[PDB]
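Okay, so here's the structure we're looking at.
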Amino acid sequence: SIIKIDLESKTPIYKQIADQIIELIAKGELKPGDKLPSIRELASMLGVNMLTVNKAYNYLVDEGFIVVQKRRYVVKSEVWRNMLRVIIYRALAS
Amino acid sequence: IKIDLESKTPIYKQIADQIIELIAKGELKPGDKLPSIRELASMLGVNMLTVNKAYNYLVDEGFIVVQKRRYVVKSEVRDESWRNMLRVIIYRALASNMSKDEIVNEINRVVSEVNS
């Protein structure tokens with residue numbers, strides 16, 4: 001009920017998981033250092049296969065919002081503009 | 001586009017960020033098209049598995065879109081996909097210890113900037 005899986009959105013499930021984990025980090029409901037649920041504990045929480053959560057947790061690792069602390073997932077601690085620049089550009093070019 | 005083989009950043013992420021740079025820096029732009037998965041996988045010395053992933057990373061982020069069998073810089077605005085990307089921008093901003101006063105102060109600074 002914290003992470004809403006939107007089954008008819010066209011955002012892939014793993015990406016809605018990741019997006020919402022970022023929102024929760026943004027909202028501060030997940031402070032830094034906060035260990036995350038297991039891949040298995042979160043999949044079952046959501047009704048989802050571990051693979052989709054795996055993909056979600058890895059997306060968050062490459063993007064730099066969580067980190068692995070000997071095989072457990074933890075919110076990191078530090079430091080999207082190019083994203084803005086491309087949509088203004090896409091905006092004004094209309 | 002150059003692949004730093006020794007960096008800890010993943011290859012697909014390297015490719016993606018560099019292309020995003022081109023889209024952002026105007027050097028790549030709405031309606032433009034990108035090399036085939038294989039053309040790029042052959043320009044670079046990289047197998048097509050991680051090139052495919054790079055492209056599908058740009059698709060999910062919202063940057064490009066398959067049009068015929070072609071990966072194409074997104075041109076379409078006013079839709080809901082437009083609005084999602086914004087939310088991601090402010091959401092990722094807030095999640096990097098930025099004020100809300102801060103972020104939108106800096107949003108205006110980039111809109112004005114490129115109306116060049």
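Here's how to read the names in the structure tokens: chain A, B, ... by the order shown, residue numbers from 1 in each chain, ligand numbers from 1 in the order shown.
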
Give me, as an mmCIF file with C-alpha atoms, in the first residue's frame, the contact residues of chain A against chain B at a cut-off of 7 Å, counting only C-alpha atoms.
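The result, stored in part_39.cif:
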```cif
data_model
loop_
_atom_site.group_PDB
_atom_site.id
_atom_site.type_symbol
_atom_site.label_atom_id
_atom_site.label_comp_id
_atom_site.auth_asym_id
_atom_site.auth_seq_id
_atom_site.Cartn_x
_atom_site.Cartn_y
_atom_site.Cartn_z
ATOM 1 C CA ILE A 22 12.933 7.567 -5.423
ATOM 2 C CA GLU A 23 9.748 9.434 -4.510
ATOM 3 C CA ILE A 25 13.522 8.850 -0.692
ATOM 4 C CA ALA A 26 12.557 12.328 -1.957
ATOM 5 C CA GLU A 78 24.936 12.170 -1.433
ATOM 6 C CA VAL A 79 24.666 14.140 -4.682
ATOM 7 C CA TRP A 80 18.633 14.899 -13.674
ATOM 8 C CA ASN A 82 20.453 16.946 -18.518
ATOM 9 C CA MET A 83 16.977 15.481 -18.192
ATOM 10 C CA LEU A 84 15.576 18.985 -17.736
ATOM 11 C CA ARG A 85 17.675 20.471 -20.540
ATOM 12 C CA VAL A 86 16.318 17.944 -23.040
ATOM 13 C CA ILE A 88 12.947 22.427 -22.306
ATOM 14 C CA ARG A 90 11.930 19.551 -26.672
ATOM 15 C CA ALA A 91 9.447 22.051 -25.235
#
```

>> Taking 3 positions as the minimum chain separation for residues in the same chain, which residues sit within 8 Å of residue 75 in chain A when counting only C-alpha atoms? Answer as a VMD selection string.
In response: chain A and resid 30 to 36 65 to 67

Let me see the file: selected residues, N, CA, C and O atoms, as a compact mmCIF listing (two decimals), in the first residue's frame.
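Dumped everything to part-v5.txt:
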```
# COMPACT_ATOMS: atom_id res chain seq x y z
N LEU A 30 12.11 7.33 3.32
CA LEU A 30 13.27 6.44 3.38
C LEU A 30 14.52 7.31 3.53
O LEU A 30 15.09 7.77 2.54
N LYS A 31 14.94 7.53 4.77
CA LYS A 31 16.14 8.30 5.03
C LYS A 31 17.39 7.52 4.58
O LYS A 31 17.32 6.31 4.34
N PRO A 32 18.53 8.19 4.46
CA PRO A 32 19.77 7.50 4.10
C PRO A 32 20.21 6.48 5.13
O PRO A 32 19.86 6.55 6.32
N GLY A 33 20.99 5.51 4.67
CA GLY A 33 21.40 4.40 5.51
C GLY A 33 20.28 3.40 5.75
O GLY A 33 20.57 2.23 6.03
N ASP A 34 19.03 3.85 5.68
CA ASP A 34 17.87 2.97 5.80
C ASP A 34 18.08 1.75 4.93
O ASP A 34 18.11 1.86 3.70
N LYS A 35 18.29 0.59 5.55
CA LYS A 35 18.33 -0.64 4.78
C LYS A 35 16.99 -0.82 4.09
O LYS A 35 15.94 -0.37 4.58
N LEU A 36 17.03 -1.43 2.95
CA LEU A 36 15.84 -1.70 2.18
C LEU A 36 15.36 -3.11 2.48
O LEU A 36 16.12 -3.91 3.03
N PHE A 65 21.11 5.80 -6.17
CA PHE A 65 20.28 6.11 -5.01
C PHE A 65 20.34 5.06 -3.90
O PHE A 65 19.90 5.35 -2.78
N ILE A 66 20.82 3.84 -4.18
CA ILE A 66 21.03 2.83 -3.15
C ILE A 66 22.31 2.08 -3.48
O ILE A 66 22.81 2.11 -4.60
N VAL A 67 22.84 1.39 -2.46
CA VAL A 67 24.13 0.73 -2.55
C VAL A 67 24.06 -0.57 -1.75
O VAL A 67 23.27 -0.69 -0.80
```

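Proximity ranking of B:43, B:104, B:59, B:49 relative to residue 16 in chain B places B:59 first, based on only C-alpha atoms.
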
>> I'd like the contact shell of residue 72 in chain B - 8 Å cut-off, only C-alpha atoms, skipping same-chain residues fewer than 6 positions apart - returned as a PyMOL selection string.
In response: chain B and resi 30-34+64-66

>> As an exercise, work out the distance from CA of residue 35 in chain B to CA of residue 7 in chain B in Å and give it to one decimal place.
In response: 24.1 Å

> What separation in Å, quoted to one decimal, exists between CA of residue 4 in chain A and CA of residue 44 in chain A?
Replying inline: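 Atom-to-atom, CA of residue 4 in chain A to CA of residue 44 in chain A, that is 13.6 Å.
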
> Which residues in chain B does DSSP call strand (DSSP E or B)? List them as a PyMOL selection string.
Replying inline: chain B and resi 33+64-66+71-73

>> Just the number, please: distance in Å from CA of residue 40 in chain B to CA of residue 53 in chain B, one decimal.
In response: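 Between these atoms lies a distance of 12.1 Å.
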
>> I need the helix (DSSP H, G or I) residues of chain B per DSSP on the backbone, written as a ChimeraX atom specification.
In response: /B:11-24,37-43,48-61,80-94,100-114
